[PDB]
2 protein chains.
Amino acid sequence: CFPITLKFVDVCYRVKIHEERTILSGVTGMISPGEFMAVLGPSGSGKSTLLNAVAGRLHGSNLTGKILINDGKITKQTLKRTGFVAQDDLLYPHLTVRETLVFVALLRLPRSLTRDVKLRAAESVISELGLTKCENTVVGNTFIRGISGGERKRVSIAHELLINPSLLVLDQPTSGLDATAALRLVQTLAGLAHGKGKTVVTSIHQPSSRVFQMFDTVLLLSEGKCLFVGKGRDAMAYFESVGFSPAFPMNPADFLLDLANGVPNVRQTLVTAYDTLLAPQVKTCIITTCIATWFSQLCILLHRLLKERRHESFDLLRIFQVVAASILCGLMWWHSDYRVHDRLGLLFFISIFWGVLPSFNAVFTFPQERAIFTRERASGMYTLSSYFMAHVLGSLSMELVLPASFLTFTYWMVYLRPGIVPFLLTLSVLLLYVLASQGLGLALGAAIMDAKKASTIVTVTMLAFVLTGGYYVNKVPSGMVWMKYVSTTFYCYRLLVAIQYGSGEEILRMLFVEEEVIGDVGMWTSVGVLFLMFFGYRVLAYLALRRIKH
Amino acid sequence: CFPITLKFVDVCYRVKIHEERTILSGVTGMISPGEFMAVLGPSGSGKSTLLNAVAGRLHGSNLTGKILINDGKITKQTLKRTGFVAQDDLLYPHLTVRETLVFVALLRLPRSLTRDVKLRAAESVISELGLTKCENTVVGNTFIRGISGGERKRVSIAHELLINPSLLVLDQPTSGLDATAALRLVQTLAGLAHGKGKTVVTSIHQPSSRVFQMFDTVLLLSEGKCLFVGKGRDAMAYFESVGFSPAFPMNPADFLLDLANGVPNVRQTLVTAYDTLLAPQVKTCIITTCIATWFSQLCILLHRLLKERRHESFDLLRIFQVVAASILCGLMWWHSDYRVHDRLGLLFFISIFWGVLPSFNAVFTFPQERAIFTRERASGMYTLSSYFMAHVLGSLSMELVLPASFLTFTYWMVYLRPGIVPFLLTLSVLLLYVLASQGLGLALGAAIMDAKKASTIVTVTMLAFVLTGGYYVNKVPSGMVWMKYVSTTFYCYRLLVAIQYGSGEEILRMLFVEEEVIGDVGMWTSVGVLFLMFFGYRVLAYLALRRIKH
Ligand SMILES: Nc1ncnc2c1ncn2[C@@H]1O[C@H](COP(=O)(O)OP(=O)(O)OP(=O)(O)O)[C@@H](O)[C@H]1O
Ligand SMILES: Nc1ncnc2c1ncn2[C@@H]1O[C@H](COP(=O)(O)OP(=O)(O)OP(=O)(O)O)[C@@H](O)[C@H]1O
């Protein structure tokens, strides 16, 4: 019941010439709750920069104004009561529209309500916006042909009607629908402000006259400076104080947008007849359930993420290629015996393979979710902890079956140390190393939010780890022995060599000894550092995601 | 001067319920040259599927109709005379709008004209659409804040006015501009059909009445079936034959879209009053400069691609990380001598590094250009040969300076074979191997147009090449010796070992001999296969790009 009163005074936004050009220059206005606003202007004006300014999405040293919610600046608490509908529609392309609106319903409604109230509120906004025939079809990308471009927008307004916010900042909501859905959409957005008493800000672009009668305070913009702030029928008459009237009966909207360019420099005489005639008048007018919440927000964000990857049939081919690589690694060391250089080669090639394959595929988790994650993080839907521990729990379904299907062939074809306990110890060490190296691909990929930029960082880093993982050079300079402890391949190599060759007495009985496990690190201080790396790379991937608010 | 007469008869398009739903059902119409059409309807109708059908962009077993240009089906020759302006605007985000319109001007105009005619035609469409104040600013992505959303559309119509096509199929051109740029844009598209005599098809959505007076044949659609085909003022009067008229004076457009839904099942009585009253009336109405062209199309597509990567300052950091990895590889083998296992380790780690780093970064060239390349390839702007030999010549500027900056440190810090001829032979073999392995990342990445799907194919393939590149296993089964010839790491390893250790007599004098160059392959039949691979992987990357027409 937060009564948002939005007041902006003298906001200016200048970008560098890439001098500087003024996008906005001196915009003032007051939006008390109940007032249905409208931001009009030509297609270069500064409307969407003003709407990205008052919705908090624009911050920086460029803005030289004061945006005030309830006579205070924009906090983080008011940024979860403000609903923002952007121009471009960024949605999850593999869901349908019913799963999208159901997940936004279940994740954002007050949680004191039962589940069927949370579903009837989701299918009470589908019938209100008219998305009933496209209810059970996909909302896909440019390539994945899904729903229309006018239903990819009526979904992205019901995406923010299931928040019930107190300040509704819509950025061109109806540019994309016909003239009989525009009227019903503005009837909805006016029944949310002459009904439930909210604060609605619209940037409508090409209205009719009976879509213009619904507005209570129109902001007419022109090249950054505003021409009019005030009522609907006071416009089309305020411009008779300066002497501009149509010669024949037309709509008010195309006339107010004809005067917005100058259709003897009409624009500047309206700007100076604004600034001193009717601008000083607006200058005188101005715990135990906190856990259950977090676990429901994990079940939802995991059930969505497991619906995203049911479309992907490029996982049987991943399994069949890793099986082929395992058959290769088994058939080449087929003629190996237990007695050791030829086997340390295999136990280092496994450490190369499963530090290179998970870390080079984990750089596509967070960069490929960026355009939707920034939007949902700015909106304030879920917590970042519950979002991060859904990708973490979503990778751990097929990043545990590929090394198991690898090792199930390449153990019993090479005929390594027989018995079920060294096999299970080898499999557990391989799975722990895979999860430890996947954290590196998570962290480089959350820190540099670009798959192409991070794929040449993680490649050089994993090759430096493969280099200083104890196999290649014999006599390393002793001021540089310390680097193999920072490696992640070193611990897995030491553990695999330890598991296969004991602490080493039976080999010293049968038969160098230098890089075989009679050596440097123990067996528990090499699983105590793999677990530390598995936790620390994910803590760093969370801390590098905490910076992305925008 | 191709006089396109577009005629579609009984086109139906059904998608599977993911039974089947009819998107379109029985659409007929004739567009002779000079007729300015308009496709109207509600926001679920089947307009953009009809416009993707008649512009050739929809093909498949779903379409059960006949699209006819000049009483013949759509060839590839007519697909370079048809201009299609899609709903979503896919543009190159790093250019400005002036470079974008200049490159489309220089690349598509008849080439018999001089260059300044080709530039005055480019800045004669900027002033016509009004893009003069946003002429020299960027057109960037969702992240890169560039021009507006109404200037990201007035650019994507001047993108297809600099073709001068004979059939102009616009898909919602004005949904995004105000009511005084809509009138001027439809004045332009009507002066292209009452002027230069073309065939213009528009899907306008929210028109005025004086944007509706410009239309010569309106197609009113409703839920896939069409309600009206014919003149402008014959609509608003044909619906008086069935008995629907407004009670008070309004625009024709909102009335024709109010009847399009049923505002006693009005929609079906209009469909059956269409099908037998005024549908049978339309059933009765129905060399040495060829090289210079290709080289100009290479200079343009290369000067654009070198403008795309001037924004990237993440290349000094690539150079500084590869320099750090080289300093690492030098400092670890700092204590190496010329006399050989410790050096074959280094000559195989270089072969690992420069087969892993180029092939894992070359998978982002063609998947990251996909959404714009499919559009330009469907449009018919450049040839695929000249497009492919611009990415090929664009990678070869920093995929030749990273191995040189690597080797310049890691040769003289390890102190390998001294002299300028083994150094230059090593550098040339390294550059040839880098270009040979970059072709693998090109081919897997053109074949599977997804960076995430191809990054787990190229990783397993390069690890299989590293495995069967002659270093790891000692006694491979002899039915599997043949696999190292398919490898690309094997030839570079053999060449580096040959260059450093001769054919081998001085080492047999100073001092195994088995995997040192006294061995299997020669020195010329290992550069004759690296060149074959360098050509064959790029031929496969061209053949896998030839399938993407869409
Ligand atoms: N980062 C930037 N750098 C340079 N110029 C910019 C930048 N962002 C916006 N502009 C310019 O400032 C003007 C205002 O942009 P804005 O997004 O407000 O337009 P708009 O009113 O949203 O357009 P429309 O109403 O057609 O969507 C635009 O014409 C644009 O060219
Ligand atoms: N691949 C598909 N699978 C299932 N349904 C589809 C598919 N493509 C389109 N549709 C449905 O068919 C209808 C027609 O889509 P179309 O793109 O023609 O709408 P439109 O007329 O372009 O909408 P608008 O005019 O608002 O842009 C849409 O409502 C959409 O839901």
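Residues numbered from 1 in each chain as written, not as in the entry; some residues may be left out. Chains lettered and ligands numbered in written order. Heavy atoms only, no water. Residues with missing side-chain atoms left out of burial classes, pairs and counts.

cryo-EM is the method the PDB entry states for this structure, with the resolution given as 3.08 Å.

In this fold, B:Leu432 is placed in helix 16 (residues 420-446). According to the relative accessible area criterion, B:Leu432 is buried, its value standing at 13%. (Helix = DSSP H or I, 4+ residues; strand = E, 2+ residues; numbered from the N terminus. Buried < 20%, exposed > 50% of the residue type's maximum accessible area, 1.4 Å probe, protein only.)

It is worth spelling out the sheet that holds strand 3 (residues 37-40) of chain A at this point. Residue and element names in this part refer to chain A. Read from one edge of the open sheet, three strands run 3-8-9, paired in mixed fashion. The open sheet terminates on both sides in strands that have one partner only, identified here as strand 3 and strand 9 (225-230). Strand-to-strand, the axes of this sheet are offset by a mean angle of 15°, without reference to chain direction. Two elements, strand 8 (residues 217-222) and strand 9, share five bridges in a ladder whose sense is antiparallel. In the strand pairing of strand 9, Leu221 is matched with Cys226. (Pairing = 2+ DSSP bridges. Axes fitted to C-alpha atoms, helices over the stretch in contact; angles between N-to-C directions.)

A word on the UniProt feature "binding site: ATP" in chain A. Here, UniProt's "binding site: ATP" annotation points to A:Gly41, A:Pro42, A:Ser43, A:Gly44, A:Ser45, A:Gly46, A:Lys47 and A:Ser48. The exposure class assigned to A:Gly41 is buried, which follows from its relative accessible area of 0%. Setting aside chain neighbours within four positions, we find A:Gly41 in contact with A:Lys47, A:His205, A:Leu221, A:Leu257 and B:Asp178. Mapped onto the secondary structure, A:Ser45 falls in the loop between strand 3 and helix 1 (47-54). Since its relative accessible area comes to 3%, A:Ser45 is described here as buried. Setting aside chain neighbours within four positions, we find A:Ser45 in contact with A:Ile23, A:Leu221, A:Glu223 and A:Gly224. There is a polar contact of 2.3 Å between the side chain of A:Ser45 and the backbone oxygen of A:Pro42. (UniProt positions renumbered as here; feature names shortened; annotations may be inferred. Contact = heavy atoms within 4.5 Å. Polar contact = N/O pair within 3.5 Å; in protein donor to acceptor, adjacent residues only side chain to side chain.)

With respect to spatial proximity, 21 residues lie near ligand 1, and among them A:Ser48, A:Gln87, B:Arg145, B:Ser148 and B:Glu151 are the closest. Interatomic distance of 3.1 Å between a side-chain N/O atom of A:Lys47 and an oxygen atom of ligand 1. For ligand 1, the protein covers 95% of the area, taking 640 Å² as the surface of the free molecule. The class makeup of the residues in the shell around ligand 1 is three nonpolar, 15 polar and three charged. (Near = heavy atom within 4 Å. Areas by Shrake-Rupley, 256 points an atom, 1.4 Å probe, with all protein chains shown as cover. Nonpolar A, V, L, I, M, F, W, Y, C, P; charged D, E, K, R; others polar.)

Hydrogen bonds between backbone atoms are what pair the strands of a sheet, whose relative direction is either parallel or antiparallel. All names here are of chain A. Strand order in the open sheet formed by three strands is 2-1-4, and the pairing between neighbours is antiparallel. Both edges of this open sheet fall to strand 2 (20-31) and strand 4 (66-69), since each of them pairs with a single strand only. Between one strand axis and the next, the sheet turns by 20° as a mean value, whatever way the strands run. Here strand 1 (residues 6-16) pairs with strand 2 via nine bridges, running antiparallel. Of the residues in strand 2, the one forming a bridge with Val11 is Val27.

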